[PDB]
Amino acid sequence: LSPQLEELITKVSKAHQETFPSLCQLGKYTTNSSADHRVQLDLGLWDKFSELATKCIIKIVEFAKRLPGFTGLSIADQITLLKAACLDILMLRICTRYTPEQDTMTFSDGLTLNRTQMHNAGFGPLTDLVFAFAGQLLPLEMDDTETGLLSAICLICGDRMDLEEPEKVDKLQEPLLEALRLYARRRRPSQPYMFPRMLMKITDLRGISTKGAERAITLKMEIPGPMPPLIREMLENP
């Protein structure tokens, strides 16, 4: 139904907004920690970072629980999808919080770190790639609903291994693909390549997140304690 599609767009949009404040709504604040230059790892920063990442994962789970039919999958599947797409979405999220002018990224509490600090916080040799991926997201000029829809598409993917009902997941993803094309084309009929362009960006995102996963490895060797529990759950995945 057209009305059905219109409401799916609103629901997803709202769940995204409610679980992820736009840069504009944030009371930005900074820190002086290792703003100087790049070091292997700033623990005070990784600490603030892992806390913000953990709270983010919880917000992603809340977002997933609010997508139509997610909650209808078996618990096994809900966890499988969450584990498999969580890093992707965490990456899409901070990359949409990037300010080209200041070359910064803002987290959900307003904490705004420059490139050096993102590096020092744990991104290590992967920070410039993340920043370059973020920069390449800019031309897409996506709004909160498109970002919300793109996220719902990354998460509800029936091609993950270990899925008990891939078929149900594929049926759930379908309307999301439709809502995004309709919405994207309605908003910008002047540029019909936006929809396939956003879709192709899913592939890029899966490439940076796999590199993010590799970074968690070396990072594990570098921190003085185990990584936060929810972060560990996320990184245990096929």
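Start at 1 with the first residue shown and count on from there.
Once the C-alpha B-factors are averaged per stretch, 147-155 and 94-102 rank with 94-102 first. Looking at 160-168 and 126-134 together, the entry lists the larger mean B-factor for 160-168, computed on C-alpha atoms. When the modelled residues of the chain are ordered by C-alpha B-factor, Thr54 sits in the lowest third. The entry lists a Cα temperature factor for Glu233 that places it in the middle third of the chain's modelled residues.
Sort the modelled residues of the chain by CA B factor and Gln191 lands in the highest third. Ranked within its chain, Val12 lands in the middle third, by CA B factor from the PDB record. Annotation for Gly27: CA B-factor lies in the highest third of the chain's modelled residues.
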